[PDB]
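First the structure, in the form of C-alpha cells, and then the observations on it.
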Amino acid sequence: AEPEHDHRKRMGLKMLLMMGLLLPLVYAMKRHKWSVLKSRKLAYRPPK
Amino acid sequence: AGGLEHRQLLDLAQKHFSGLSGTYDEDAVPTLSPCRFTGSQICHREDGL
Ligand SMILES: CCCCCCCCCCCCCCCC(=O)OC[C@H](COP(=O)(O)OCCN)OC(=O)CCCCCCCCCCCCCCC
C-alpha cells in the first residue's frame with residue numbers, strides 16, 4: 001500500500017536537518033535587517 | 001606671511017612670547033584619544049521647512 005515508506009522517511013530526516021539549519025539562519029537574516037528599526041530611538045522637540 | 005624677514009619675526013617672538021610657560025604639568029599633558037566612528041543615522045523630520 002505504501003512502497004515509498006522507506007524513501008519518504010529518509011527524506012523526512014533530511015528535511016528536519018535542513019530546517020534546523022535554515023530556520024535559525026533565515027530568522028537571523030530577518031533580525032539583522034530589522035535591528036535598524038528595533039533599536040531606533042525617537043524624540044519629540046516641538047517649538048514652545 | 002607677507003613682506004617681512006623671518007629674522008624680525010623670531011626677534012618679536014623671543015621679545016613678546018618668551019614670557020610663556022613651556023613646562024607642562026607633571027602628568028596633565030592632554031592626549032587625544034581616538035574617536036570611534038559609528039555607522040548610524042539621525043533624521044530630524046521637519047516638514048515646515
Ligand atoms: C520546475 C520545478 C518546479 C519546482 C516547484 C517547487 C515548489 C516549492 C516546493 C517547496 C519544497 C520544499 C523542499 C522539498 C525537499 C525535498 O523533497 O527534497 C528531498 C531531499 C532528499 O532527496 P533524496 O533523499 O532523494 O536524496 C537526494 C539525492 N541527492 O532533501 C531535502 O529534503 C532538501 C530540502 C531541505 C528542507 C526544506 C528547505 C526548504 C527550502 C525552500 C527551497 C524551495 C525551492 C523553490 C523551488 C521553486
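Naming scheme: A, B, ... for chains in displayed order of the C-alpha cells; residues 1 onward per chain; ligands 1 onward as shown.
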
With a cut-off of 12 Å and counting only C-alpha atoms, select all residues of chain A in contact with chain B and give the selection as an mmCIF file with C-alpha atoms, in the first residue's frame.
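File part07.cif, as written:
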```cif
data_model
loop_
_atom_site.group_PDB
_atom_site.id
_atom_site.type_symbol
_atom_site.label_atom_id
_atom_site.label_comp_id
_atom_site.auth_asym_id
_atom_site.auth_seq_id
_atom_site.Cartn_x
_atom_site.Cartn_y
_atom_site.Cartn_z
ATOM 1 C CA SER A 35 17.648 45.656 14.067
ATOM 2 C CA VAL A 36 17.896 49.138 12.471
ATOM 3 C CA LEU A 37 14.263 49.645 13.489
ATOM 4 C CA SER A 39 16.780 49.788 18.377
ATOM 5 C CA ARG A 40 15.765 53.114 16.822
ATOM 6 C CA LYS A 41 15.097 55.897 19.329
ATOM 7 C CA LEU A 42 12.581 58.739 18.948
ATOM 8 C CA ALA A 43 12.488 62.230 20.438
ATOM 9 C CA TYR A 44 9.870 64.987 20.137
ATOM 10 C CA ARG A 45 11.158 68.585 20.323
ATOM 11 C CA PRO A 46 8.359 70.988 19.344
ATOM 12 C CA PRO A 47 8.931 74.753 19.499
#
```

Near-ligand residues for ligand 1, threshold 9 Å, only C-alpha atoms and all ligand atoms, as number ranges by chain: A: 7-23

What's the separation between atom CA of residue B:18 and atom CA of residue B:1, in Å to one decimal place?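 These atoms are spaced 21.3 Å apart.
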
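Interatomic distance, atom CA of residue A:48 to atom CA of residue B:48: 15.1 Å.
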